[PDB]
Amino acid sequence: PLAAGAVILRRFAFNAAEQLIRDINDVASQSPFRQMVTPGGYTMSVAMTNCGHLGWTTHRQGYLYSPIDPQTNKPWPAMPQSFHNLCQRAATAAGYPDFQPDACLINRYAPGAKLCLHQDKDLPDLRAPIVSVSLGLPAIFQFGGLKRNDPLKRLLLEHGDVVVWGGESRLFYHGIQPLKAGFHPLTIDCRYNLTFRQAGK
C-alpha cells in the first residue's frame, strides 16, 4: 500500500486511455482548458477544466466546487461514460466499491508545469475517496502525510497509472514536480490527469 486507504494501480487505465483522451478533447471543446488564478493573484501553471456536476475552481475569495464554469457561464460538460466506468472499476479494485463521483477535474501539464504540495480538503458531510488517473507524459508525484513537513514519497506516474486515496490518507499532502518535456504517441507533448471526487449532496 501507498498509505492507509491509499494505493497505486499501475497501468490500470492503459487500455481505456485512447477513449479517455478522445473524451478529454470533447469536454475541452465545451469548457476549454484555462490556467486559473489563485486568490493571491498568481496564474497556475497547470491548465484545468472539469466535467460532471461539480468543477473545482479558484476565484478571489478562495477555492470552490461550482456547478457552472465561470468562464463559459454554462454547466460543465457531463461526465463521460468512459470516465465514470474507468473510475468505478479503479475505485473497486482499490477497495472503494461504493464510490459515486460527481466531479472530475481535468489537468493538463505542459513542460515545466507543476502542482505544489496541497491537500484536497474535506467537503461537508462527505468522506469519499479520490481517484486520480494519469495520461501521457510521465510525472513525479509527491505523496506525504497530514502535515506539510511529513516525509514525501516520490513516485513516477506513467501513462495509465491510477492513484486512489481516502479514509486515513484522504487529507494527505501531495503534488506534482515540474513536468519534463518529452513525446507521447497519444498526447504528443503533455500530461493529463483526471481527479474524481464526490463533492455534492
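Residue numbers run from 1 along the displayed sequence.
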{"item": "Mean temperature factor over C-alpha atoms, higher-scoring stretch between 59-67 and 41-49", "value": "59-67"}
{"item": "Given 122-130 and 85-93, the range whose Cα B-factors average higher in the PDB entry", "value": "122-130"}
{"item": "Peak C-alpha temperature factor (PDB record), options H174, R34, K153, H159", "value": "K153"}
{"item": "Entry-reported Cα temperature factor of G145, expressed as the chain third it lands in", "value": "highest"}
{"item": "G166, C-alpha B-factor rank within chain (lowest, middle or highest third)", "value": "middle"}
{"item": "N25 - Cα temperature factor, lowest/middle/highest third of chain", "value": "middle"}
{"item": "CA B-factor placement of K180, once the chain's modelled residues are sorted into thirds", "value": "highest"}
{"item": "B-factor third for the C-alpha atom of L194 within its chain", "value": "lowest"}
